[PDB]
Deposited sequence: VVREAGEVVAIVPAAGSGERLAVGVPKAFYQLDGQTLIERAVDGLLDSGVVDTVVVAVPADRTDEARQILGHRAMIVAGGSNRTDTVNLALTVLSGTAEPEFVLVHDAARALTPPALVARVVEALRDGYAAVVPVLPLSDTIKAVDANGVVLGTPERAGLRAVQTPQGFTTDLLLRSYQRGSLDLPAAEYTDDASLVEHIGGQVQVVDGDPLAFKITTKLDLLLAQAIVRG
């Protein structure tokens, strides 16, 4: 069975705010997108990579990546982007992996694929939450504190049988998903977790960038 990894890299980088769309920021001489793609390939369990980038950077993305990946244009939000990439299509398994998780260890990638090959139809890597999490309303008032031990922070790559992912993305007009496993949960698919990895952290803030720099220079 073949495994295709889709890499959403079409965001604007508006929150990190380092003056360029995040995927194209050069971390110690390599863009996040190149690093993320290399990690997927180094896992030894990914056969094809499809990267989705801002429409005005498709040429740039090919210049960077060469034959490491197929390049397509992404969309106005992460969900839209994944949907466009999915259009490219049939492999047995599909991974969806944030370019922003550029330092993900290849072994995590392999761990996700192994769980798919173990027969889990949908797989996400998770970590325990360091912070207490609270539900908060629009006025800054706390609604309550869900039990932390019952919650997990979820990373990527998220892995799926291709059939299930396709059906999930095909199927709430006013939602609204922050990851891919959400669509699978929505249509009733069972999602299994595996242990994530601190190194698969998402480069989100300038502190995350500081840490990524310390890791790669270290």
task: Please list, in sequence order, every stretch of the deposited sequence that lacks C-alpha coordinates.
output: 1-5, 95-98, 181-184
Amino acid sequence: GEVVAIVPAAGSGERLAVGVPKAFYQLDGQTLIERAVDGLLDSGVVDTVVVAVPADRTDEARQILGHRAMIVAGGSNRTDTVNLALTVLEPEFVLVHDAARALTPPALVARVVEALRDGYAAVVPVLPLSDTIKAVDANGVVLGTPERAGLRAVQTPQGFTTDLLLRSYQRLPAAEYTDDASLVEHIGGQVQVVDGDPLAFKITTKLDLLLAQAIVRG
From here on, numbers count along this sequence of modelled residues.
query: Does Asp208 go missing in at least one third of the other entries compared here?
result: no
- prompt: For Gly66, does the count of other compared entries lacking it reach at least a third?
  reply: no
query: In the PDB record, does 173-181 or 41-49 carry the higher mean Cα temperature factor?
result: 173-181
184-192 versus 50-58 - which carries the larger mean C-alpha B factor in the record: 184-192
message: For the CA B factor values reported in this entry, which option in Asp98, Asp131, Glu92, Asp80 has the top one?
response: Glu92
Identity of residue with top Cα B-factor, from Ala102, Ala121, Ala107, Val126: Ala121
- request: Report the third (lowest, middle or highest) to which the CA temperature factor of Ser168 belongs, ranking only the modelled residues of the same chain.
  value: highest
- line: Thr162: C-alpha B-factor third of its chain, per the entry, is the highest
